[PDB]
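A structural walkthrough
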Amino acid sequence: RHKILXXX
Amino acid sequence: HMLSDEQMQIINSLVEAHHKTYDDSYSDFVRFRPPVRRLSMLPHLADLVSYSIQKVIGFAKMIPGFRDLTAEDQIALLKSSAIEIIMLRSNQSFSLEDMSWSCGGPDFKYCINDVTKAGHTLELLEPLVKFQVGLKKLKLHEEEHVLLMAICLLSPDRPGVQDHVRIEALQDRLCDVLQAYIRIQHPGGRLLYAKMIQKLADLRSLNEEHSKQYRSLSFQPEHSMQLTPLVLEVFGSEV
Ligand SMILES: C=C1/C(=C\C=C2/CCC[C@]3(C)[C@@H]([C@H](C)CCCC(C)(C)O)CC[C@@H]23)C[C@@H](O)C[C@@H]1O
């Protein structure tokens, strides 16, 4: 999981 | 023929999306770590690219249909294409007379030599400027420029994408709009669509070279430390 890409 | 309503609405939405995410004043650039001329330009260019990734994300969100994909496909598309969208959208600040990107001041004028002070070599930068020159000479209308960014972003041939059919159908719908626009609205663009598709293949090759060189850069703690959290996530191998 991507912390920042979770602003998709 | 004549462009249709749905085609019109797509062009309008893409041009508005670009105007909302690309600020011709470049006034935000004073907020980056300042440029300095061992990798004296990496802090400033890491900030510039990180900022630009956020803009490309805002642009993607306003591409008609993109927001209907799963979050996983959106991120896969963004991660694989981000550096390409940045290379394309940067053509707007690129100048033939200076052979550099000029962004509202001498401090924010970037030439090939500045990017070597960020870890990159002529293996990437020489092809990159030739790309900017050839793209600049195409004299794209704004409509064409923004369509090409959306087409590049909505490519289904990317690693990590699941719904390949839905993404290809979206991209096909944008290619059709672009083809109709060029035929109807662009005098002398008989060969233009093919030239733009070719630029997409140039971008693939520049992506590969950037990724190779980014890896060499990002595996050294003294250099990865100067990047931003968003750059590390977007350009990283984390799945
Ligand atoms: C950003 C944008 C602009 C210039 C893009 C440039 C010029 C400097 C060097 C860049 C940034 C290339 C670098 C080789 C990218 C490497 C970044 C990194 C150090 C992380 O590996 C890619 C695009 C080139 C300014 C403006 O057009 C907004 C646009 O959006």
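So, a few notes on the structure that sits alongside this text.

All right, on to the overall build of chain B then. A count of helical and extended segments in chain B gives 10 helices and three strands. Scanning chain B from its N terminus toward the C terminus, one meets helices and strands in the order α-α-α-β-β-β-α-α-α-α-α-α-α. The globule rule puts the C-alpha radius of gyration for 239 residues at 18 Å, and the 18 Å found for chain B is close to it. Taking the principal axes of the C-alpha coordinates as reference, chain B spans close to 55 × 40 × 30 Å.

Residue and element names in this part refer to chain B. The final tally for this structure, using the stated rule, is five salt bridges over all chains. The residue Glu-84 makes a salt bridge to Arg-158 at a minimum N-O spacing of 2.9 Å. On the criterion of sequence distance, the pair formed by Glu-84 in helix α3 (residues 71-90) and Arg-158 in the loop between α6 (142-153) and α7 (164-185) is long-range, its members being 74 residues apart. Both residues of the pair, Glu-84 and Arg-158, belong to the buried class. With a closest N to O distance of 2.9 Å, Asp-157 and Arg-204 form a salt bridge. Of this pair, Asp-157 sits in the loop between α6 and α7 while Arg-204 sits in helix α8 (residues 192-218); the two residues are 47 residues apart in sequence, bridging distant segments of the chain. Owing to a relative accessible area of 47%, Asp-157 belongs among the partly exposed residues under this scheme.

Rules and cut-offs
- Residues numbered from 1 in each chain as written, not as in the entry; some residues may be left out.
- Chains lettered and ligands numbered in written order.
- Heavy atoms only, no water.
- Residues with missing side-chain atoms left out of burial classes, pairs and counts.
- Helix = DSSP H or I, 4+ residues; strand = E, 2+ residues; numbered from the N terminus.
- Rg over C-alpha atoms; globule rule 2.2 N^0.38 Å.
- Salt bridge = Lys/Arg side-chain N within 4 Å of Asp/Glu carboxyl O.
- Buried < 20%, exposed > 50% of the residue type's maximum accessible area, 1.4 Å probe, protein only.

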